[PDB]
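Okay, structure first, notes after.
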RNA sequence: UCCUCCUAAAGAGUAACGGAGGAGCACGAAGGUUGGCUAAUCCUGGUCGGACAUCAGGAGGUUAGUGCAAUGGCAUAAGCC
RNA sequence: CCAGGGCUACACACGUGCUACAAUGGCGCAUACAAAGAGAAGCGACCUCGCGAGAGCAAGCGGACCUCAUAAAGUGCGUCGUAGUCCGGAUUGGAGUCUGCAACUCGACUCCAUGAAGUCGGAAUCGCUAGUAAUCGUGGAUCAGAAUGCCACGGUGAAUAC
């Protein structure tokens, strides 16, 4: 909605003026945004993962997919095909509105916020931040709360470098201490 | 129902809910309610949002939750890397104000294992 | 999207207490009244204010003449 | 904490030693037995050999040490550990 | 008694109280068809989460996997849904 | 003879206390009733100044005269609704005040902030027969400063002795 049209004017025009792009297709596009909740303590009871799924469904607009374990590990008492994590991959306009609520509303509420350090890019412009407790989104009632139950949001941009993706996310006024 | 860092409880009175902030105790909340004008025996369920945003700026008057934990942590850090007496007692894990270390100080040196 | 399994996701009007109004498609079920905004936050404005980190010769002189 | 209308404390012999070590320009470690004296902003950078009852331990004055007293950087009890 | 490899001398077969391992089953789906998909292991980034759970990307290309020993096979997959 | 340190250390163990774990209580307001003492390099009114510890100004008193010196539990009205909580108040960061040549080792107090263990206590064990136990406050000696100890004084005030 808002951040899409603000992108389509200002971000493409500024990454045009300060990065040498003969074509507009070279400008990095934030493509998808996934919220992952690596619950993990549902080796004992899966009531907890069942609550965490509805917590993610309240945060985003999509019903989250439950992720079963890939290989069996006896270090953490997990079994093959045990549902141990939860995820949402949200792309398109719903991702744009989640990006609205993340920047304009959510990141002021991280409760002694000092600015997300920009060195969390992995090598090709994809960002990853970790939200430590779930109540930073105002969709949670906070009269109901049970556990802290954080998550991590990773943003996939089509940038190839860290500086191009950093300038892309900084063009949408990321905090960036 | 939410001030600078955290949520305050809503069915409690004004000064009691205001002490749930780090950095605000009893006299701080008395002065905050005296500067705000709200009588302290109201609840946050009773109180609307304009009073609590005039409360928000008046508690922004004080060094509170996040930067206060920052200030206390940095003050202990400055004493600890300074290497003085109180810093060295902070380093070993002993009392720093001249308490008896012979028998007591299980609050400081921790619960009695061995 | 898969039709009925998703939660409702409606246009609401959030009421930013800094003075602002924002139409937002969300899930809260009412008109949410948030406290601070992306505008007028101390980190966003520049009022983050990390303290001096060493004012000992300042402190000695504001104490003593 | 001393009362503010008394002023901070420094010994006559230590203060005149500090002034003659500044006027003389020389910056070797000098010794005192006066642990009770407050450090001062003219004494930065020079070494003070402070008595701990047995020895004279060299103290290097920093920016962070200014308002304190001289005894805080010479621990008079040696403890390593029982077991 | 049966199966796999070597002995076994590039067809088959080929002994020893020669060298090594398994079987005496399972499964109404782990069979049939249609449609779709593609590993291991490392590196980086990220709430608890840490060598190793979940996420995202990169490298690598079948070193993976096959209900069960070994061999031969398998990408058009015989592997996964 | 002197300066500085130590007698205050700390993996631990024991003895004697104080504060508690709350609602027969906590907090806020107003308010009633004591006895016994100490005081001149001392006790230090009233007023002014600071949130306070305190300072300034400084009368009175070698005292049934003046000062320390408002007694506190109690009572009256509110609020808290049983939570580690408006219980608890250890710890620690900051800013102070006073004594003293000097408060770092190593004082007392005040303010602001913090808000630890603790939810009535194992085996065991102690004191008490009536103005006693229990509980609440006050005072003195030592003393420049430094009592939760010691010695004294009163307030409320039981149960149980086959």
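Laboratory data are not the source of any read-out in this text; all were calculated from the coordinates shown.
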Would you mind classifying chain B by shape? Square roots of the alpha carbon gyration tensor eigenvalues, ordered a ≥ b ≥ c; an a/c under 1.5 is rounded, otherwise it is prolate if a/b is larger than b/c and oblate if not. prolate
Calculate how steeply helix A:162-171 sits against the longest principal axis of the alpha-carbon atoms of chain A, using the helix alpha-carbon long axis, and give the answer as 0 to 90 degrees to the nearest 10. 80
Going by the alpha-carbon gyration tensor, a ≥ b ≥ c the square roots of its eigenvalues, is region A:48-177 rounded (a/c under 1.5) or, if a/c is not under 1.5, prolate (a/b greater than b/c) versus oblate? oblate
What is the distance in Å between the Cα centres of region A:1-15 and region B:1-73? 40
Quick check: the angle from helix B:26-36's long axis to the longest principal axis of chain B, C-alpha only, nearest 10 degrees? 30
What span do the alpha-carbon atoms of chain C cover on each of the three principal axes, reported in whole Å from largest to smallest? 76, 26, 15
Tell me the Kirkwood radius of region A:9-59: reciprocal of the mean inverse pair distance over distinct alpha-carbon atoms, in Å. 14.5
Taking the Cα centroid of region A:152-177 and of region D:1-46, what is the distance between the two, rounded to the nearest whole Å? 55
Taking every DSSP beta bridge with both residues inside the protein assembly as shown, roughly what % is antiparallel (nearest 5)? 90
Please compute, over every Cα-Cα pair in the protein assembly as shown, the percentage with a separation greater than 33 angstrom. 57
To test your reading of the geometry: what angle, between 0 and 90 degrees and rounded to tens, separates the Cα axis of helix D:12-23 from the longest principal axis of chain D? 70
Shape call, chain D: gyration tensor on alpha carbons, a/c limit 1.5: oblate
Using helices alone, I'd like the mean residue ellipticity at 222 nm for chain D: each DSSP H run of four-plus residues gives -39500 (n - 2.57), total over residue count, nearest 500. -4500 deg cm²/dmol
Send over the per residue convex hull volume for region A:128-177, Cα only, as a whole number of Å³. 100
